[PDB]
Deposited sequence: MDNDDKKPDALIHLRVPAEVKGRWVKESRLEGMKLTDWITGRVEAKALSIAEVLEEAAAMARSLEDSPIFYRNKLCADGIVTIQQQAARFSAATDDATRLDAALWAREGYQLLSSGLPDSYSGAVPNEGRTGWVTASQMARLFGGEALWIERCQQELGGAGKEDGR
């Protein structure tokens, strides 16, 4: 642990304290969260994607066609596999297959589809992002320290 001495005008500290608690946070956590610029972790993406996929399985989208069914199932299976993993090789493989599940689901829906709790189309596309970026994120989080 290290200590940073932040000397700011009293007006500025007061404003930060008010926004800090206004957002439901301790001042140090609020400041740190505003300094860092990190993407969502792969683990966070897969947890969110599995939740969305669960919601979709409980909807007509699950039986719209086989691409939708196979993608919804694949996302949930691979998110659970990632979460249960005890080594990075398994995490990497599961993250790649989870994205494949997302690709199956999005391929089976109309381009720019509007969903129903789109819960499928826009949201999940922004969650997984582009392929090249996904691969870089997977290698930096799971390829070794």
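Chemist: Should a student be asked to find the unmodelled regions, what ranges of the deposited sequence would be the right answer here?
Modeler: Sequence ranges with no C-alpha atoms are 1-8, 126-132, 161-166.
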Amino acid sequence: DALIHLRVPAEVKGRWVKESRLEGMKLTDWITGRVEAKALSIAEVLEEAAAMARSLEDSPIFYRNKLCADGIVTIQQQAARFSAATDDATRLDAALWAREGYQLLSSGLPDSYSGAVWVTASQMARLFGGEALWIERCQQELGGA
From here on, numbers count along this sequence of modelled residues.
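Chemist: Averaging CA B factors per stretch from the PDB record, which one is higher: 131-139 or 8-16?
Modeler: Per the PDB entry, the higher value belongs to 8-16.
Chemist: With reference to the PDB entry, specify whether the mean Cα temperature factor is higher for 24-32 or for 101-109.
Modeler: Result: 24-32.
Chemist: Per the PDB entry, which option out of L96, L40, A50, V119 has the greatest Cα B factor?
Modeler: If I rank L96, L40, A50, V119 by C-alpha B-factor, first place goes to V119.
Chemist: Compare the C-alpha B factor of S114 with those of the other modelled residues in its chain, then answer lowest, middle or highest third.
Modeler: For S114, whose C-alpha B-factor we compare with every modelled residue in the chain, the answer is the highest third.
Chemist: Please rank the C-alpha B-factors of the chain's modelled residues and tell me whether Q78 sits in the lowest, middle or highest third.
Modeler: Tercile = lowest for this residue's CA B-factor.
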